[PDB]
Amino acid sequence: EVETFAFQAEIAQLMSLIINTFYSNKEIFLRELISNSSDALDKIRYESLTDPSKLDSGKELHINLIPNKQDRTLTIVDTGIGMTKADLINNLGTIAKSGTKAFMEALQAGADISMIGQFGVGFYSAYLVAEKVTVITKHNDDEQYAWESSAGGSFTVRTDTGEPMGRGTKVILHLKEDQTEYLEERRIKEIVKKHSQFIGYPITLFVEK
Ligand SMILES: CN1CCN(c2ccccc2CO)CC1
């Protein structure tokens, strides 16, 4: 059972801008998603400070980067607080409508796309490099769900029957044909060292073969 939803008009306009604007500094997508992951790990850590059973779904707090050249996917896995179904609808737990508003006035006032994270909509920078994004998530208070969108004004949500996650979020980037450099080990290491050197959780870059 798959449910199809329309993006709010402002979010559709944000993704079309991300997709269509000429902007060469695409690598910032990884910084934004890792920062999103760190924020979600912060949230479950804070909750566990007064309720340790919140970590019964997993004590380890980490970020994994999993490239797969055969599938042409880069997957960012974290064991953060995760998202409810209601969170996935309602723009993956963001205040994306007001964030897009502020972002788009900043762009007309001199800002560039790299500053997207300052407006709380950094997730959508995934579409700098991805033709399709799948988000698998598990929150302690809900079941495991799969969100998916190839942009074009709509997204789907369905119950995820795949491999259980315990708790956290998995962002699967189905990369554009000309963006496969972000599957190369040395390129990912360079981006992580450049932009994510002060993330307070272990970031593990998986290798292939
Ligand atoms: C609500 N916060 C915004 C960033 N988040 C997010 C959104 C979509 C995909 C992945 C993530 C990170 O786990 C969760 C934390």
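Just so it is clear, the values below take in all heavy atoms, side chains as well, and ignore hydrogens, waters and symmetry mates. Nothing fancy with the numbering, it's 1 onward along the sequence. Note that ligands are numbered from 1 as they come in the structure, with each ligand's atoms numbered from 1 the same way.
Between the side chains of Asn25 and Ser114, no donor N or O sits under 3.5 Å from an acceptor N or O. Checked by atom type, the side-chain pair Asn91/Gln8 shows a donor-acceptor distance below 3.5 Å. Using modelled atom types and a 3.5 Å distance limit, the side chains of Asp78 and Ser37 yield a donor-acceptor pair.
Contacts between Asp39 and ligand 1 below 4.0 angstrom, taking non-hydrogen atoms only, are absent altogether. Neither the backbone nor the side chain of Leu33 has a heavy atom within less than 4.0 Å of ligand 1.
Atom 15 (C) of ligand 1 has its closest protein heavy atom at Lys43 NZ, 3.8 Å. Taking atom 5 (N) of ligand 1 as the reference point, the nearest protein heavy-atom neighbour is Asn36 CB, 4.0 Å. Of the protein's non-hydrogen atoms, the one nearest atom 7 (C) of ligand 1 is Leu92 O, 3.7 Å.
The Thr169 neighbourhood of ligand 1 comprises atoms 10 (C), 13 (O), with distances under 4.0 Å to a heavy atom of that residue. If you number the atoms of ligand 1 from 1 as listed, the ones under 4.0 Å from a heavy atom of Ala40 come out as 13 (O). Within the listing of ligand 1, atoms 1 (C) sit less than 4.0 angstrom from a heavy atom of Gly93. Per-residue contacts place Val171 under 4.0 angstrom from the following atoms of ligand 1 (heavy atoms of the residue considered): 9 (C), 10 (C).
Proximity of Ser37 to ligand 1 is established by a heavy-atom distance of less than 4.0 Å. At a 4.0 Å cut-off, at least one heavy atom of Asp78 sits close enough to ligand 1 to count as contact.
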Could you walk me through whether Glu27 and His195 pass the side chain to side chain donor-acceptor pair (under 3.5 Å) check? CA-CA 9 Å; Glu27 70 189 45; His195 294 298; 3.1 Å; yes

Report the C-alpha distance between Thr134 and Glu148 in whole Å, list the side-chain angles of each, state the deciding distance to 0.1 Å, and finish with yes or no for side chain to side chain donor-acceptor pair (under 3.5 Å). CA-CA 4 Å; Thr134 308; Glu148 193 161 74; 2.6 Å; yes

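Salt bridge absent: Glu131 and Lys176 never bring a charged side-chain N and a carboxylate O closer than 4.0 Å. A salt bridge links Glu181 with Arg187; the closest basic N to acidic carboxylate O contact falls under 4.0 Å.
Ring pair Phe29/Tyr182: centre-to-centre distance below 6.0 Å.
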